[PDB]
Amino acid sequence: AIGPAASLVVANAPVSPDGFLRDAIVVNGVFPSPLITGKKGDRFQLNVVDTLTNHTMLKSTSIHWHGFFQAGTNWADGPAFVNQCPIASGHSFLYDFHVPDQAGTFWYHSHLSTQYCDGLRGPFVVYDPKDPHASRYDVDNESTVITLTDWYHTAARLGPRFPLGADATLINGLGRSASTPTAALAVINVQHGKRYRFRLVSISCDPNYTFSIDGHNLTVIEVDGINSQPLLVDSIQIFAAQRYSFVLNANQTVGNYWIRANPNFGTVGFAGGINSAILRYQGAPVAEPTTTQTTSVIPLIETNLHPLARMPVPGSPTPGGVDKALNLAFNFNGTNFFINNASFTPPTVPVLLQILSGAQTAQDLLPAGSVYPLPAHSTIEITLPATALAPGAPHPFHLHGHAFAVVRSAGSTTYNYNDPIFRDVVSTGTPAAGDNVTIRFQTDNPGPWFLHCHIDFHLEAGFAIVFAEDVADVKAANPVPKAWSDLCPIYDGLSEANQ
């Protein structure tokens, strides 16, 4: 682990996590990217050094620290052309921010086009010295972080615009493909009688995974960085970018158990040990498990999750009972996704720079039709109805700069204005279920923040909008460092081949 002060050297290198060699993007020489850690209250100083040389996976880069509110540091959020111009090859840029009021399981990834799928993605854990759940487990460290990665044998910009599934599922950076049946499997070691806090992170570019561990039940205690009341489950369907912490009591008979992560599409199932990993108790023989998968009888259901501390829902307990309600109508035309008739295309001047340059209204901000000003200190309700006009469902939507209350979850017709879970990535479900996912949050964080589908190939095809929150306080709330002001002039001088 590295952090909270560290340098991240981004570069290209050939990797073979599933035994197939391909050029990719590594950070500090490895893939997935290294685990970054800190404690609640720390100042994070992450120096990103861009030494990328391959234009096909892009030589420029930008990094987003997924889940952090970035209050006062909107310039360090990461989205290229929203919060900064990309960092150029041969240059570095220091992301400097604090995390005073958050703790839990997060992750970081490139936020420039589809570059994170090419390798720039890794876990990020912020420990809480006074964790309210600390008495529930014995072990919580770098060896208890589990990443789920969708891996492609063809580079993101060389493949189809909407890939039909990954070549392999990697658990802790290792897995088998259906062309590499003998590659090494990841092994997670546990000691009989100990309790482990496993921090499950989906760093997926697309598929959702149905996760389970043979012969063991799991106690969920954290959801996208938010502590939850303990919930016993035997399987977890986790969408791209979501995170869960669960307690595993290693009290079963010493042996080898399969860890399973089945994708929703692509090569499903476990033939040959694909989409799997190994849970090995100390004392067990070095061998592949022979355990069988049991039907899930207590699967995780989002409406059964509730925050550990009271988190009141903003607004009145009635539909549209808020200061500003917005319905997002999705559409797709064969190549691009649209929200309310607008497909997001990155502007030449980052939205935050537009705002600092004098742009204050919707018709002043670019791109036109995709930027929505939100009033300060108000309650907001957003509905994201599933629809057949937007293929590739269920679409996991994510909001930058905030955590939100999930008033109505996918697969449920009820509204919970009392104690719903708060989180930062939510599945919007499917039109067959008649879903109308409803979320609420308050505007307490001035700046332009992205709201988009976390399937990266869909974001690239325009499935996003920008909220320009409290436009009048943006400049004063977010003083920018000189190094950030230099990024656009540097990037704009690049020829297309060096981008």
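Counting begins at 1, following the sequence as shown.
> Please compare 403-411 with 138-146 and say which has the higher mean C-alpha temperature factor in the record.
Per the deposited B-factors, the answer is 138-146.
> 467-475 versus 27-35: which one carries the higher mean Cα B factor per the record?
Higher mean C-alpha B-factor: 467-475.
> Which one of 423, 216, 111, 398 shows the top CA temperature factor in the record?
Going by the entry's C-alpha B-factors, 216 comes out highest.
> Per the PDB entry, which option out of 386, 190, 238, 125 has the greatest Cα B factor?
Across 386, 190, 238, 125, the entry lists the biggest C-alpha B-factor for 190.
> Sorting the chain's CA B-factors, does residue 75 end up in the lowest, middle or highest third?
Lowest third, going by the recorded CA B-factors of the chain.
> Looking at the entry's B-factor column for C-alpha atoms only, identify whether residue 462 ranks in the lowest, middle or highest third of its chain.
Ranked within chain, residue 462 CA B lands in the lowest tercile.
> Considering only modelled residues of the same chain, in which third does the CA B-factor of residue 331 rank: lowest, middle or highest?
Middle third, going by the recorded CA B-factors of the chain.
> Within this chain, which third does the Cα B-factor at residue 456 fall in: lowest, middle or highest?
Answer is lowest: the recorded C-alpha B-factor places it there.
> Within this chain, which third does the Cα B-factor at residue 64 fall in: lowest, middle or highest?
For residue 64, whose C-alpha B-factor we compare with every modelled residue in the chain, the answer is the lowest third.
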